[PDB]
């Protein structure tokens, strides 16, 4: 992998609650310099990011109902479609972990399906963050299968706000579960080019990374 083709795996990310406009501008400057796949931000920053990335192939993407995944489905849908209308090309949602843990699979499915249908209506794609740190291994598998059934385009490991992030063994399990039918995005705790390559070898087709500069240089 070239640095230039490694960059294409990368959603360059800053989701910190204290990120300033200058921080987000820097995020965009870095993404443009290395030509990453995306810049990933909280929904408030989508108009600014879209402006900063105008005329480049770097995509603004937004997280929604993030990081807790416990927002009413209708409210997640509105956050997502509003973000798309403002420039988001992809939406990274969070699984309703509480309903998954509770075994209420029909409610988990309806939540992801609502987002998938709305995002696809706009012609965009949806990733589902499972938050692996909070899940049993059987739950990771079930969450992947529900994500696929509901029409999600990617499953994603982590928000960065739980007790751990991407683990190679979890990435493998996800990739085995969804086969080549969904993308797999590894996120949380990826700090080096070595770790990035290891996630790709485990099965990741995209990565969420804040340490992009260190990684590509």
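Positions refer to the first chain, counted from 1.
The mean C-alpha temperature factor is higher for 1-9 when 1-9 and 206-214 are set side by side. If you average the C-alpha B-factors over 176-184 and over 64-72, the higher value belongs to 176-184. Comparing C-alpha B-factors across 50, 158, 163, 43 in the deposited entry, the largest value falls on 163.
Per-chain ranking of the deposited C-alpha B factor places residue 197 in the highest third. Annotation for residue 22: CA B-factor lies in the highest third of the chain's modelled residues.
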